[PDB]
2 protein chains.
Amino acid sequence: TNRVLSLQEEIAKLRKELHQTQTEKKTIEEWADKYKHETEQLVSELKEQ
Amino acid sequence: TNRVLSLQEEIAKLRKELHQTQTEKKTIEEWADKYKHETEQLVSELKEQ
């Protein structure tokens, strides 16, 4: 029982932590994709230039 | 103890999966940084052009 309450505290904390990393990584993955939208465009414009 | 053996299996699995994400995240974060190394350079060369 002393063990049963202690892992309930732990199993909650990581299930917030990886949600926080998932929310940040959805931003970073979107941000990397939209920086790809930047990087594909200059290989057109600077080739026109 | 039926509950103890079942979460010992769970508490092992996430300790692999978050490591698997962490190693990939170290790659993406390095990769995004090295596509900042690209991004700083064309805004000098295409400025000179």
# chains A, B, ... in the order shown; residues from 1 in each chain; ligands from 1
>>> residues_around(residues="stretch 9-12 of chain A", least_positions_apart="2", cutoff="12 Å", atoms="only C-alpha atoms", output="ChimeraX atom specification")
/A:2-7,14-19 /B:7-8,10-12,14-15
>>> residues_around(residues="stretch 44-46 of chain A", least_positions_apart="6", cutoff="12 Å", atoms="only C-alpha atoms", output="PyMOL selection string")
(chain A and resi 37-38) or (chain B and resi 42-43+45-49)
>>> write_last_selection(atoms="C-alpha atoms", output="PDB file, in the first residue's frame")
ATOM      1  CA  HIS A  37       8.663  26.315 -46.699  1.00  0.00           C
ATOM      2  CA  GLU A  38      11.309  29.087 -46.362  1.00  0.00           C
TER       3      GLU A  38
ATOM      4  CA  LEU B  42      22.347  32.544 -47.531  1.00  0.00           C
ATOM      5  CA  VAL B  43      21.323  35.894 -45.987  1.00  0.00           C
ATOM      6  CA  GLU B  45      25.684  35.362 -49.878  1.00  0.00           C
ATOM      7  CA  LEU B  46      22.326  36.270 -51.496  1.00  0.00           C
ATOM      8  CA  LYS B  47      22.750  39.725 -49.945  1.00  0.00           C
ATOM      9  CA  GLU B  48      26.132  39.992 -51.685  1.00  0.00           C
ATOM     10  CA  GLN B  49      24.507  38.682 -54.883  1.00  0.00           C
TER      11      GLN B  49
END
>>> closest_residue(among="B:26, B:1, B:13, B:32", to="chain A", atoms="only C-alpha atoms")
B:32
>>> closest_residue(among="A:20, A:25, A:30, A:40", to="chain B", atoms="only C-alpha atoms")
A:25
